[PDB]
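S.K.: Structure in structure tokens, see below.
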Amino acid sequence: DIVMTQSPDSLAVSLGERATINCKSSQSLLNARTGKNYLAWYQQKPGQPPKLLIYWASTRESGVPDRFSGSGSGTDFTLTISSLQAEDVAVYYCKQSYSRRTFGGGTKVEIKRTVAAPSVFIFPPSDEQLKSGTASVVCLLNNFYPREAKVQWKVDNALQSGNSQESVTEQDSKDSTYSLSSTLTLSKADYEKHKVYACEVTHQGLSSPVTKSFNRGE
Amino acid sequence: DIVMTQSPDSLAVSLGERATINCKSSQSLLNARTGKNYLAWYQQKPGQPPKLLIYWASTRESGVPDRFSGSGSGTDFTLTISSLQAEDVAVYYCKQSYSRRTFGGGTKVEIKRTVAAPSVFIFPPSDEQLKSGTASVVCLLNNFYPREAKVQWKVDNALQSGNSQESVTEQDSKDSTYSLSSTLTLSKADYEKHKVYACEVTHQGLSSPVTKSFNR
Amino acid sequence: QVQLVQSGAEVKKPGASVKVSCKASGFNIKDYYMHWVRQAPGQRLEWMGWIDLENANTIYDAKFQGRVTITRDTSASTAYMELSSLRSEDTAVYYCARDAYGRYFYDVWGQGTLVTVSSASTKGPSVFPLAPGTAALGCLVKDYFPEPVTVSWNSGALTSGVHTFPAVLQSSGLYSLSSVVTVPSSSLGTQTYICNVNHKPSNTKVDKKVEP
Amino acid sequence: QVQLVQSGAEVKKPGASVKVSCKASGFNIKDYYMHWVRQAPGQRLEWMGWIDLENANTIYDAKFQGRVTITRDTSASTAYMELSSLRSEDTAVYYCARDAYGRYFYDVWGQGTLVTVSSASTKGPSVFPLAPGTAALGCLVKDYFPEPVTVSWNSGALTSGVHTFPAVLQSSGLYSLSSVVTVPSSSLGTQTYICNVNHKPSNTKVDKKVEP
Amino acid sequence: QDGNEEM
Amino acid sequence: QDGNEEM
């Protein structure tokens, strides 16, 4: 099978700047008697099928803006976005059609903006949930950049492990920030045994970590 | 993250000859306060963890032969093997430790030799396997060079696709060749629907493709 | 008006089979191949196989050979992909896409079909409040199966500052997600905030007022 | 003598967690950091994170934020990596490696721990013969799970001309590999050729005599 | 269809 | 530990 490798895995570019995505094939994609390189670039946004941008390495598909261009031959190919617009935030895939079909791993393109620290909020479990024997504690990190953020749960000062899960929104269309939600899940019995519930947030925009906490029963 | 780009992906050199591997980083790895470039080269052989050869771009690890040396500063680095020895066949990786850790994609170093055409063998399913309801047909391409080779299965002259899988050995330490095994899998019922089973082999050492076949 | 319309989401137990349809309209399918491509959550697109829509000749990827069958019905202008012996790893969005001799690109795709393979049984969420210059509040939508759920606020009148997070899959095999919104804290005493949660797989409709 | 010794191979279903141990011997761990690096079969090395063995502070790679947990037990001189919500793409060899302030290189590595993530169940192989101036013969080692298998010929007495190929992963989720040897065709009537197959995960040993 | 078989 | 933080 032909192996397609993309580089980098993710890119952050300011609005109006240049994005470059590389694709390498383990064998040549050029058919010598047609002169075509059977390499294609697709753009994919959440919830949608991929969209064809470029085929035969450098031929732009009908309706695709001229700021998207493809180049290269043989085993090395490049997709260039010459002036990034907000609409171009997506995952891009190269794909060979020389012999069967293989996609690269994808390159995620985001908008680069100034660092923004998160606003942090903590939420206790509701009384309605406690009757069912489970306690969910939620920590919200709102509207930050860059995406990387570290959330630690502490229960009566003890660092928690293996009882939380988190997820992160897509980049916001208006302000180019992310938000993150982390849920610590405890049994009711364990929840009742402790007083102080805290989430500690580390992020580039914060000069030092920020803790939000509540005391059970207030 | 810092992106590490190695080149070439593969290199073949004769015993005793010079080998050069390049590594480019997307930003400088030099800490001006220490004067250090945080760039390291690792050697990895099958079944093993990587082995450290060079760190701080040019400092050789204890016990590493002096035919290995590292050079470069900033964003461009090079690992040189001054004279390739048999035990140097392996995959080499660069790695930065300036900010977090990122590895380049690896360079595979092999022994160059003359072109060698494969010897091709075909094996029908065993009676034992057929008793169980399945038929695997194996095509062996033995002791060829270079690695690039193509197997095409044909059943009653119909080209096959999707019902075979293949794999290739690493370079043989004695004669520097490769071998390749391809398996064509059919149910017994389907296997008994056809007569001629053939594997067609294309390789640079062959002036025309060679086919081996049998009748069920 | 070329389009490829696929059948709706599926939920399957391990060991079961699934058959997804791909209705083609607005071109002569006989000139085309229909390919099937899947995408597991968070992963790259993976080709499964193709069928020649004229003569029904198929080519499958070896990874699915023996488990996949691609067929086409000329009179229904529809292609089908049936995947058997399903397992958890087959949880993915399945796409059909056309191609043809001389093209070798996918210009038209179906909308995708989610297939979830799990021992879990379809179940609706419990909805709990995340009670509150700027205040945050939200709803926790816990323990449902399968994906997806929708969340709106004030029946869609409140959109500014809303974040509805991606669901996480819990070790129980049930999903959970949260939806939050930031509002002026002064408005907490006068403006009512209701999260509207729908889980169509279980015909669940829940309205939860979130109060200080 | 400094050593890092990791726990044994693991098989896990999608959605499970795994926890790999790394026992340090022959040095004082408190002067060091332990790192975790993984390598999917045939693929690149991927850094996962580190722990400061003195104070237990951790740093994780963005790609595993929220999924990986690194810990250490001073009295046991052991570090641990726990990875949750496993997917088939987490199949890899997991390595620990030591580093330290001032170094920024990995001078000592653990031996690696294979973690296979798959819905498949542990299964030993079926071994079939590949019957034969040179003749080729071999054995087909079919339908096992997980990796690895070992193959020798005549208990190790026959090594010249032996090729044992990498395994392929079939659509069934089971692996298959072959092992072949070339021998003088004049030897087929006088020499016996036996392939010795071991599959430690299922404690399966099989020998097959391959006859003309 | 495979690009390498385009005539 | 990161090289860019070495003193």
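Identifiers in the structure tokens: chain A, B, ... in order shown; residue index from 1 per chain; ligand index from 1 in order shown.
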Write down, as a tab-separated table (two decimals) with N, CA and C atoms, in the first residue's frame, each residue of chain C that has any atom within 7 Å of an atom of chain E, counting only C-alpha atoms.
M.R.:
chain	number	residue	atom	x	y	z
C	100	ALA	N	-14.35	8.38	-11.40
C	100	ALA	CA	-14.49	7.79	-12.73
C	100	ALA	C	-13.13	7.71	-13.41
C	101	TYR	N	-13.07	6.88	-14.44
C	101	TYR	CA	-11.89	6.85	-15.29
C	101	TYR	C	-11.56	8.25	-15.78
C	102	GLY	N	-10.26	8.60	-15.78
C	102	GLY	CA	-9.77	9.89	-16.15
C	102	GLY	C	-9.88	10.98	-15.10
C	104	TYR	N	-10.02	10.40	-10.99
C	104	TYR	CA	-9.19	10.01	-9.84
C	104	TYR	C	-9.22	11.09	-8.77
S.K.: Pull out every residue of chain B sitting within 8 Å of chain C, counting only C-alpha atoms, and send them as a tab-separated table (two decimals) with N, CA and C atoms, in the first residue's frame.
M.R.:
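So the final result, stored in iface08.tsv, reads:
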chain	number	residue	atom	x	y	z
B	161	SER	N	-7.49	-8.38	-6.59
B	161	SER	CA	-7.13	-7.27	-5.71
B	161	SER	C	-7.95	-7.38	-4.43
B	162	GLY	N	-7.33	-7.02	-3.32
B	162	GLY	CA	-8.00	-6.97	-2.00
B	162	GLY	C	-7.98	-8.26	-1.22
B	163	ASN	N	-7.81	-9.38	-1.90
B	163	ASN	CA	-7.76	-10.67	-1.24
B	163	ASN	C	-6.34	-11.17	-1.05
B	164	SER	N	-5.33	-10.31	-1.10
B	164	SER	CA	-3.98	-10.70	-0.73
B	164	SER	C	-3.39	-9.65	0.17
B	165	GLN	N	-2.39	-10.08	0.93
B	165	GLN	CA	-1.59	-9.24	1.80
B	165	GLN	C	-0.15	-9.72	1.72
S.K.: Identify, on the basis of only C-alpha atoms, every residue whose closest approach to residue A:97 does not exceed 10 Å; exclude the query and any residue fewer than 5 positions from it along the same chain; express the result as JSON, numbers by chain.
M.R.: {"A": [2, 29, 37, 38, 39, 40, 55, 56, 102, 103], "C": [103, 104, 105, 106], "E": [1, 2, 3, 4]}
S.K.: List every residue of stretch 31-161 of chain B that DSSP, applied to the backbone, labels as helix (DSSP H, G or I), and write the result as a PyMOL selection string.
M.R.: chain B and resi 86-88+127-131
S.K.: For residue D:47, work out the shell of residues within 8 Å, counting only C-alpha atoms and skipping chain neighbours fewer than 3 positions away, then give it as a PyMOL selection string.
M.R.: (chain B and resi 101-102) or (chain D and resi 35-38+61)
S.K.: With a distance cut-off of 8 Å and only C-alpha atoms, select the neighbouring residues of residue D:154, excluding the residue or stretch itself and same-chain residues fewer than 4 positions from it, and output the selection as a list in words.
M.R.: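 What passes the distance filter is residues 158, 193, 194, 195 and 196 of chain D.
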S.K.: Export, as a compact mmCIF listing (two decimals), in the first residue's frame, the selected residues with C-alpha atoms.
M.R.:
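Listed below is the output, selection34.txt:
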# COMPACT_ATOMS: atom_id res chain seq x y z
CA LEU D 158 18.82 -24.61 10.45
CA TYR D 193 12.59 -29.95 8.11
CA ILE D 194 10.47 -28.89 11.10
CA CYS D 195 9.22 -25.41 11.88
CA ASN D 196 8.94 -24.65 15.60
S.K.: What are the closest atom pairs, with distances in Å to one decimal, for all residues of chain B lying within 10 Å of chain A? Consider only C-alpha atoms, order rows by chain and residue number, and present the result as CSV.
M.R.:
residue,atom,partner,partner_atom,distance
B:1,CA,A:10,CA,8.8
B:2,CA,A:8,CA,9.5
B:3,CA,A:8,CA,7.0
B:4,CA,A:8,CA,9.5
B:5,CA,A:7,CA,9.0
B:9,CA,A:26,CA,9.5
B:105,CA,A:5,CA,9.9
B:148,CA,A:27,CA,9.5
B:161,CA,A:100,CA,9.6
B:162,CA,A:100,CA,9.8
B:165,CA,A:1,CA,9.5
B:166,CA,A:1,CA,9.6
S.K.: Tell me, which residues of stretch 9-149 of chain A carry DSSP strand (DSSP E or B), written as a PyMOL selection string?
M.R.: chain A and resi 10-13+19-25+30-31+36-37+39-44+51-55+59-60+68-73+76-81+90-96+102-103+107-111+116+119-123+134-145
S.K.: When you count only C-alpha atoms, which of these residues is closest to chain C: A:35, A:106, A:16, A:63?
M.R.: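 Under the stated criterion, the closest residue is A:106.
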S.K.: Taking only C-alpha atoms into account, find every residue of chain B that has an atom no more than 8 Å from chain F, and write it out as a list in words.
M.R.: residues 29, 30, 31, 33, 34, 38, 97, 98, 99 and 100 of chain B
S.K.: Residues of the last selection are to be written out with N, CA, C and O atoms, as a PDB file, in the first residue's frame.
M.R.:
ATOM      1  N   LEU B  29      17.502  25.434  17.971  1.00  0.00           N
ATOM      2  CA  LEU B  29      17.646  24.655  19.187  1.00  0.00           C
ATOM      3  C   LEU B  29      18.758  25.144  20.096  1.00  0.00           C
ATOM      4  O   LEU B  29      19.165  24.401  20.990  1.00  0.00           O
ATOM      5  N   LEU B  30      19.287  26.337  19.862  1.00  0.00           N
ATOM      6  CA  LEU B  30      20.435  26.824  20.604  1.00  0.00           C
ATOM      7  C   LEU B  30      19.948  27.689  21.758  1.00  0.00           C
ATOM      8  O   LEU B  30      19.257  28.693  21.542  1.00  0.00           O
ATOM      9  N   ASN B  31      20.392  27.359  22.966  1.00  0.00           N
ATOM     10  CA  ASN B  31      20.217  28.214  24.139  1.00  0.00           C
ATOM     11  C   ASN B  31      21.472  29.081  24.261  1.00  0.00           C
ATOM     12  O   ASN B  31      22.542  28.581  24.608  1.00  0.00           O
ATOM     13  N   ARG B  33      22.470  31.128  26.388  1.00  0.00           N
ATOM     14  CA  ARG B  33      23.080  31.234  27.714  1.00  0.00           C
ATOM     15  C   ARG B  33      23.990  30.038  28.022  1.00  0.00           C
ATOM     16  O   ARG B  33      24.925  30.140  28.826  1.00  0.00           O
ATOM     17  N   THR B  34      23.713  28.887  27.449  1.00  0.00           N
ATOM     18  CA  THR B  34      24.552  27.724  27.643  1.00  0.00           C
ATOM     19  C   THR B  34      25.405  27.432  26.428  1.00  0.00           C
ATOM     20  O   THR B  34      26.345  26.642  26.540  1.00  0.00           O
ATOM     21  N   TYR B  38      20.250  21.651  21.606  1.00  0.00           N
ATOM     22  CA  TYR B  38      19.617  20.476  22.233  1.00  0.00           C
ATOM     23  C   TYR B  38      19.064  19.559  21.139  1.00  0.00           C
ATOM     24  O   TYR B  38      17.855  19.456  20.880  1.00  0.00           O
ATOM     25  N   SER B  97      15.347  18.509  22.154  1.00  0.00           N
ATOM     26  CA  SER B  97      14.943  18.614  23.549  1.00  0.00           C
ATOM     27  C   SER B  97      15.068  20.061  24.057  1.00  0.00           C
ATOM     28  O   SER B  97      15.336  20.292  25.250  1.00  0.00           O
ATOM     29  N   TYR B  98      15.090  21.015  23.116  1.00  0.00           N
ATOM     30  CA  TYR B  98      15.013  22.448  23.408  1.00  0.00           C
ATOM     31  C   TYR B  98      13.682  22.838  24.058  1.00  0.00           C
ATOM     32  O   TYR B  98      13.653  23.553  25.069  1.00  0.00           O
ATOM     33  N   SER B  99      12.576  22.365  23.501  1.00  0.00           N
ATOM     34  CA  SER B  99      11.254  22.646  24.052  1.00  0.00           C
ATOM     35  C   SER B  99      10.345  21.432  23.902  1.00  0.00           C
ATOM     36  O   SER B  99      10.049  21.025  22.786  1.00  0.00           O
ATOM     37  N   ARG B 100      10.032  20.769  25.011  1.00  0.00           N
ATOM     38  CA  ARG B 100       9.373  19.441  25.010  1.00  0.00           C
ATOM     39  C   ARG B 100      10.288  18.481  24.246  1.00  0.00           C
ATOM     40  O   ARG B 100      11.496  18.645  24.280  1.00  0.00           O
TER      41      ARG B 100
END
S.K.: Give me, as an NGL selection string, the contact residues of chain A against chain D at a cut-off of 12 Å, counting only C-alpha atoms.
M.R.: :A and (3 or 5 or 9-10 or 146-153 or 159-168 or 180-184 or 202)
S.K.: Any idea what's packed within 12 Å of residue C:126, counting only C-alpha atoms, ignoring anything in its chain fewer than 5 positions away? Could you give it as number ranges by chain?
M.R.: A: 126, 128-129, 132, 134; C: 139-145, 149, 174-178, 197-199, 202, 204-208
S.K.: Go ahead and dump the residues you just picked, N, CA, C and O atoms, as an mmCIF file, in the first residue's frame.
M.R.:
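Final output, selection30.cif:
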data_model
loop_
_atom_site.group_PDB
_atom_site.id
_atom_site.type_symbol
_atom_site.label_atom_id
_atom_site.label_comp_id
_atom_site.auth_asym_id
_atom_site.auth_seq_id
_atom_site.Cartn_x
_atom_site.Cartn_y
_atom_site.Cartn_z
ATOM 1 N N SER A 126 -25.197 19.013 41.490
ATOM 2 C CA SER A 126 -26.536 19.371 41.908
ATOM 3 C C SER A 126 -27.056 18.406 42.967
ATOM 4 O O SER A 126 -26.636 17.251 43.048
ATOM 5 N N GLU A 128 -29.985 17.270 42.813
ATOM 6 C CA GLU A 128 -30.761 16.287 42.063
ATOM 7 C C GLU A 128 -29.901 15.108 41.610
ATOM 8 O O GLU A 128 -30.393 13.975 41.526
ATOM 9 N N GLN A 129 -28.630 15.339 41.329
ATOM 10 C CA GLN A 129 -27.754 14.245 40.921
ATOM 11 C C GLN A 129 -27.338 13.412 42.113
ATOM 12 O O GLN A 129 -27.189 12.201 41.992
ATOM 13 N N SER A 132 -28.989 9.972 43.058
ATOM 14 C CA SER A 132 -28.643 8.809 42.248
ATOM 15 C C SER A 132 -27.283 8.210 42.616
ATOM 16 O O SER A 132 -26.875 7.212 42.008
ATOM 17 N N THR A 134 -24.188 9.569 42.441
ATOM 18 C CA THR A 134 -23.037 10.049 41.708
ATOM 19 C C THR A 134 -22.927 11.554 41.911
ATOM 20 O O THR A 134 -23.938 12.260 42.025
ATOM 21 N N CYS C 139 -25.721 23.421 31.687
ATOM 22 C CA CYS C 139 -26.386 22.152 31.935
ATOM 23 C C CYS C 139 -25.424 21.008 31.645
ATOM 24 O O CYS C 139 -24.620 21.080 30.682
ATOM 25 N N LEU C 140 -25.500 19.961 32.471
ATOM 26 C CA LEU C 140 -24.729 18.739 32.259
ATOM 27 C C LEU C 140 -25.677 17.661 31.724
ATOM 28 O O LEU C 140 -26.671 17.338 32.361
ATOM 29 N N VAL C 141 -25.367 17.095 30.581
ATOM 30 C CA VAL C 141 -26.228 16.162 29.885
ATOM 31 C C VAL C 141 -25.498 14.839 30.005
ATOM 32 O O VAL C 141 -24.527 14.587 29.288
ATOM 33 N N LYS C 142 -25.961 14.009 30.913
ATOM 34 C CA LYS C 142 -25.178 12.884 31.412
ATOM 35 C C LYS C 142 -25.836 11.549 31.109
ATOM 36 O O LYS C 142 -27.063 11.409 31.214
ATOM 37 N N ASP C 143 -24.996 10.578 30.727
ATOM 38 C CA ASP C 143 -25.399 9.185 30.632
ATOM 39 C C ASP C 143 -26.441 8.944 29.549
ATOM 40 O O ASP C 143 -27.523 8.474 29.854
ATOM 41 N N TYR C 144 -26.133 9.207 28.281
ATOM 42 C CA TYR C 144 -26.989 8.872 27.145
ATOM 43 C C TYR C 144 -26.213 8.009 26.133
ATOM 44 O O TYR C 144 -24.964 7.887 26.143
ATOM 45 N N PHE C 145 -26.985 7.408 25.237
ATOM 46 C CA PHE C 145 -26.438 6.556 24.178
ATOM 47 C C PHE C 145 -27.493 6.390 23.088
ATOM 48 O O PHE C 145 -28.670 6.156 23.414
ATOM 49 N N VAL C 149 -26.663 14.415 20.859
ATOM 50 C CA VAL C 149 -27.676 15.238 21.515
ATOM 51 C C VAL C 149 -27.512 16.666 21.014
ATOM 52 O O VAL C 149 -26.450 17.041 20.528
ATOM 53 N N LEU C 174 -21.619 5.076 28.222
ATOM 54 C CA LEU C 174 -22.557 6.164 27.988
ATOM 55 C C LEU C 174 -21.812 7.479 27.816
ATOM 56 O O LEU C 174 -20.748 7.713 28.386
ATOM 57 N N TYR C 175 -22.399 8.349 27.034
ATOM 58 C CA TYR C 175 -21.840 9.648 26.732
ATOM 59 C C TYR C 175 -22.297 10.679 27.775
ATOM 60 O O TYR C 175 -23.301 10.519 28.457
ATOM 61 N N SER C 176 -21.528 11.738 27.903
ATOM 62 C CA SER C 176 -21.858 12.869 28.743
ATOM 63 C C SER C 176 -21.293 14.109 28.076
ATOM 64 O O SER C 176 -20.179 14.109 27.546
ATOM 65 N N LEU C 177 -22.042 15.184 28.139
ATOM 66 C CA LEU C 177 -21.503 16.467 27.723
ATOM 67 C C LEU C 177 -22.102 17.579 28.563
ATOM 68 O O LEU C 177 -23.070 17.379 29.317
ATOM 69 N N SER C 178 -21.487 18.761 28.433
ATOM 70 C CA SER C 178 -21.950 19.957 29.099
ATOM 71 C C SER C 178 -22.143 21.056 28.067
ATOM 72 O O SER C 178 -21.520 21.067 26.997
ATOM 73 N N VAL C 197 -32.695 20.322 25.795
ATOM 74 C CA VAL C 197 -31.871 19.168 25.465
ATOM 75 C C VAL C 197 -32.731 18.172 24.719
ATOM 76 O O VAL C 197 -33.796 17.783 25.197
ATOM 77 N N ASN C 198 -32.288 17.788 23.539
ATOM 78 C CA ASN C 198 -32.948 16.763 22.751
ATOM 79 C C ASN C 198 -32.033 15.559 22.515
ATOM 80 O O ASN C 198 -30.869 15.710 22.130
ATOM 81 N N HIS C 199 -32.569 14.354 22.699
ATOM 82 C CA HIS C 199 -31.841 13.137 22.354
ATOM 83 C C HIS C 199 -32.796 12.366 21.457
ATOM 84 O O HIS C 199 -33.608 11.581 21.953
ATOM 85 N N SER C 202 -33.641 8.530 21.632
ATOM 86 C CA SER C 202 -34.548 8.081 22.681
ATOM 87 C C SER C 202 -35.800 8.956 22.815
ATOM 88 O O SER C 202 -36.526 8.846 23.819
ATOM 89 N N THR C 204 -36.069 11.898 23.664
ATOM 90 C CA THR C 204 -35.953 12.645 24.911
ATOM 91 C C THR C 204 -35.993 14.143 24.624
ATOM 92 O O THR C 204 -35.284 14.638 23.741
ATOM 93 N N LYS C 205 -36.848 14.855 25.346
ATOM 94 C CA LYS C 205 -36.922 16.306 25.275
ATOM 95 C C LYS C 205 -36.999 16.780 26.715
ATOM 96 O O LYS C 205 -37.959 16.469 27.437
ATOM 97 N N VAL C 206 -36.009 17.543 27.130
ATOM 98 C CA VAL C 206 -35.901 17.966 28.515
ATOM 99 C C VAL C 206 -35.672 19.457 28.523
ATOM 100 O O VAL C 206 -34.757 19.948 27.865
ATOM 101 N N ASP C 207 -36.463 20.161 29.293
ATOM 102 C CA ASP C 207 -36.245 21.574 29.558
ATOM 103 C C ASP C 207 -35.848 21.746 31.020
ATOM 104 O O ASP C 207 -36.564 21.283 31.922
ATOM 105 N N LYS C 208 -34.722 22.418 31.253
ATOM 106 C CA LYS C 208 -34.194 22.615 32.595
ATOM 107 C C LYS C 208 -33.924 24.099 32.804
ATOM 108 O O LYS C 208 -33.038 24.681 32.157
#
S.K.: Using only C-alpha atoms, determine which residues of chain D fall within 9 Å of chain C; present them as a ChimeraX atom specification.
M.R.: /D:13-16,85,87-89,118-120,169-173
S.K.: Write out as a ChimeraX atom specification the residues lying within 7 Å of residue B:133, counting only C-alpha atoms and excluding same-chain residues fewer than 3 positions away.
M.R.: /B:129-130,187-188
S.K.: Do you have the atom CA of residue B:143-atom CA of residue B:46 distance handy?
M.R.: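 Atom-to-atom, atom CA of residue B:143 and atom CA of residue B:46 are spaced 19.8 Å apart.
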S.K.: As an exercise, work out the distance from atom CA of residue C:76 to atom CA of residue C:46 in Å and give it to one decimal place.
M.R.: 26.7 Å
